[PDB]
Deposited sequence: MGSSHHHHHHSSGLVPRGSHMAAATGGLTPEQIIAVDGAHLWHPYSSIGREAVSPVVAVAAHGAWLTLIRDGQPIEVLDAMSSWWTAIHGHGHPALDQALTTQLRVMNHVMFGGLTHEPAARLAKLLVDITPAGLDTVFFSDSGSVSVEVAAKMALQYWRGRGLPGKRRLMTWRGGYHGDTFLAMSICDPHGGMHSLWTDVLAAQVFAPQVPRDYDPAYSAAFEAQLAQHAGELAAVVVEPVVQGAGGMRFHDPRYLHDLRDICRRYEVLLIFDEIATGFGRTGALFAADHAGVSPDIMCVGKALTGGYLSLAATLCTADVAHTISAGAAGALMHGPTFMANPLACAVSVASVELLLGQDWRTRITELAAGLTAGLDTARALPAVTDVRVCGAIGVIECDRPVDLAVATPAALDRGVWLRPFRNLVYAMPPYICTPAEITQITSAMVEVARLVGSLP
């Protein structure tokens, strides 16, 4: 065992944190929408406004998910997915194929979002090889995107590695001229392109930007006409977050390949999935390799699959759309006051996502204590103060979150 002080000592000496060098606050518990943190030697309750980075949609320690995990743990923790299959994987695959955009009928489980993106790339590349067009090996996307930290995933992240094709930043408002320009650029690269890869509707890590769903309809059309596969990365947007079950649903379009993760497991365990159409699967399967050449050690882990099944079932068994609509209303109302702030450039809400865009990078040394002082855990990045609250947050808790966000913006 270790005291909060010993943890800090070990952490400072031995632990790499995300995108950091070699001060973290000690977290000692999580329950519902609340974290227990240690501040100045004292335990404090704070709202998990970030849902622990998009994951904890049902909050922490939900009895349904806890029990799903303990139930599976009693019977089978893990077995290899080579030559074996199991109920959690089958139940989850069945669910995912049923709730995702039409045509997505096969499921490849992996351990993280970055890996699922590379699997999606593998699918697209092997697809065209299966069609006898191995020259189609590049990827195209628009600027402002983020798809993970592995080397292939890095290649399609906003440039500001494989050399990929980048269209200009997709605007918030629909402009037919943007779609026309996108098509013209894609046209001259078509013989080079395996796929277009984008985050539908919401671009997260690249700057929490929202774009009109109509752009997705245009992409589907362009890709269809120029024979380029369309890949949607819904790792952040999936499972109700943007007001629809999957962001693609706002445009009513189905991609050829789709990545999901994060909220998939309710934030309990690492799991991701890459789905593709029957056409893609068969073409790869009929190809020279005769198979999709990927398969991680812990593929389709029974424990992760079991808790994911329960998380998805919990989500579908309630009126999630109304819940999200209520959250969106709460965020909008709560953030409105920020608009008039001198350092605030924009305020925007999309489903259970709320963003205050500031005129300068937000200083964590100031924002963090300001948020903690108000009983809220916020993690600003670049010039953004934002939140993606758990779906179980009450109106009062959303108000607490938004008022903390506003006071952070005010300090900037």
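In sequence order, the deposited residues that have no C-alpha coordinates form the ranges 1 to 26, 49 to 53, 192 to 201, 454 to 457.
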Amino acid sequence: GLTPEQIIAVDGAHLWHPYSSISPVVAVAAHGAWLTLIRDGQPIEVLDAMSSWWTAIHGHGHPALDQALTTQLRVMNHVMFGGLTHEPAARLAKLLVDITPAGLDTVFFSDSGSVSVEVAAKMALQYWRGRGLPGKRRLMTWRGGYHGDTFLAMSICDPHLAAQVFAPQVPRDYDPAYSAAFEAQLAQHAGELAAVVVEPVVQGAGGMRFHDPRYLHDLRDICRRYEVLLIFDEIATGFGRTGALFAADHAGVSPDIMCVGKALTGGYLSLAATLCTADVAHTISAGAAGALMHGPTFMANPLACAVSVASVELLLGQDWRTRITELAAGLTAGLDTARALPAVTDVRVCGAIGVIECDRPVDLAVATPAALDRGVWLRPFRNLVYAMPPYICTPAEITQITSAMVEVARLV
From here on, numbers count along this sequence of modelled residues.
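Mean CA temperature factor is higher for 322 to 330 when stretches 322 to 330 and 151 to 159 are set side by side in the entry. Per-stretch averaging of Cα B factors for 292 to 300 and 278 to 286 places 278 to 286 on top. Taking the PDB entry at face value, the top CA B factor among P380, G41, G61, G354 belongs to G41. As recorded in the entry, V344 carries the highest CA temperature factor of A27, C350, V344, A68. Ranked against the other modelled residues of its chain, the C-alpha B-factor of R225 as given in the entry falls in the highest third. Among the modelled residues of its chain, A9 has a C-alpha B-factor that falls in the highest third, as given in the PDB entry. Sorting the modelled residues of the chain by their CA temperature factor places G145 in the lowest third. Among all modelled residues in this chain, the alpha-carbon of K136 has a temperature factor (C-alpha) in the lowest third.
When the modelled residues of the chain are ordered by their C-alpha B factor, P176 lands in the highest third.
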